[PDB]
């Protein structure tokens, strides 16, 4: 029914941790740059909590916030209240990025076509997790080692998986 590619954009640790106390458990500037490079010029779909932690519209992209609050408004941002409303708003887009957090990854899980997942080789303390996925009929189409240096102190890899459909 929907015609845009639904891509997930996520960074997770060895136990699928993505969050701690409503923030990111790590700091990787190089991984963020990969995120900016990959998502530039495409809509970002983000959970209300995710968006408010970010705190500002991200430039050069449609910012779409997902909330059950029908009175919710943010300057420079679009607001959706369901999967279908997101699909309506993005009906003419070629590709959209589900940008988190966990509730929003769970929401859009039945529809994901492409997975950009950074895997961080460390076990952090956390409270928020990326959902489990059955990767049957998916293929890894890209993999590369992230930059580990003084400013990026963990080992991590970029992975991209595409659904076979």
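Residue numbers count along the first chain shown, from 1.
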| property | result |
| --- | --- |
| Per the entry, higher mean C-alpha B factor between 113-121 and 52-60 | 52-60 |
| Residue range whose averaged C-alpha B-factor is higher in the record, 66-74 or 27-35 | 66-74 |
| Record-listed C-alpha B factor of residue 85: chain third | lowest |
| Modelled-residue ranking by C-alpha temperature factor, third containing residue 144 | middle |
| Chain third (lowest, middle, highest) by recorded CA B-factor, residue given as residue 100 | lowest |
| Third of the chain, ranked by Cα B-factor, where residue 126 sits | middle |
| Chain third (lowest, middle, highest) by recorded CA B-factor, residue given as residue 43 | middle |
